[PDB]
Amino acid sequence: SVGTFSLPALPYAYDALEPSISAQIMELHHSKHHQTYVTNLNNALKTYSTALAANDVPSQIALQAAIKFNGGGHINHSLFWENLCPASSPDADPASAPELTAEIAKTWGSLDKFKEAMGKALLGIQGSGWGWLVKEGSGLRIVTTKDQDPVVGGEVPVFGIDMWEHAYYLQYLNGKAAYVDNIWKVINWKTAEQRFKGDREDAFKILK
């Protein structure tokens, strides 16, 4: 039936990503922001099914923003929690992603240069948005999305980093550069390797 999504539990405790991300942020981000996206996604999808069955095209178009914003919020945050892990986990080691790092090194020259390029794109976002490493065809690309827009159909998301102010402000204030510097310690490279090796449908399987 339509609109039966639920907030996924995190793979770790709310304080497991410290000191990179504070427990307060993880709790607010998951139990408030992501929760709201889930509930509002379900509400909009059920109303949309009514508009679709009645062939009400004006209502359908008017509902697109709520589905894109809340649907994207659910897609993006679901992907986000999964490509994070405690800094002490072996999954935080890029040696967990040999195939991905090889393609990363082939594209940007080195892992450090990819990190520099992505950091630049993350800090360059005006307003709210996300930075993504994506697979397009067989090649890798850094892309940004505004607000909660999900990665555009055709690209395989490898990992994403949330640059909305609620992802860092309580801990880093306006210092988003320090936030980006610290989040590398908690990137789940095992997850990134698995997404790089699968296709679009495989990546979105966590939503199931």
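Numbers follow the displayed sequence, beginning with 1.
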Task: Higher-B stretch (mean Cα B-factor, as the entry records it), 174 to 182 or 157 to 165 - done: 174 to 182
TODO: Determine, for stretches 60 to 68 and 42 to 50, which one has the higher mean CA B-factor as deposited.
DONE: 42 to 50
TODO: Quick one: which of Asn76, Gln126, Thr101, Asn83 shows the highest Cα temperature factor in the PDB entry?
DONE: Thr101
Task: Chain thirds of CA B-factor: placement of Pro94 - done: highest
- [ ] Would you please rank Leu133 by its C-alpha temperature factor against the other modelled residues of its chain and give the third it falls in: lowest, middle or highest?
- [x] middle
- [ ] Could you tell me which third, lowest, middle or highest, the C-alpha B-factor of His29 occupies within its chain?
- [x] lowest
- [ ] Compare the C-alpha B factor of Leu122 with those of the other modelled residues in its chain, then answer lowest, middle or highest third.
- [x] lowest
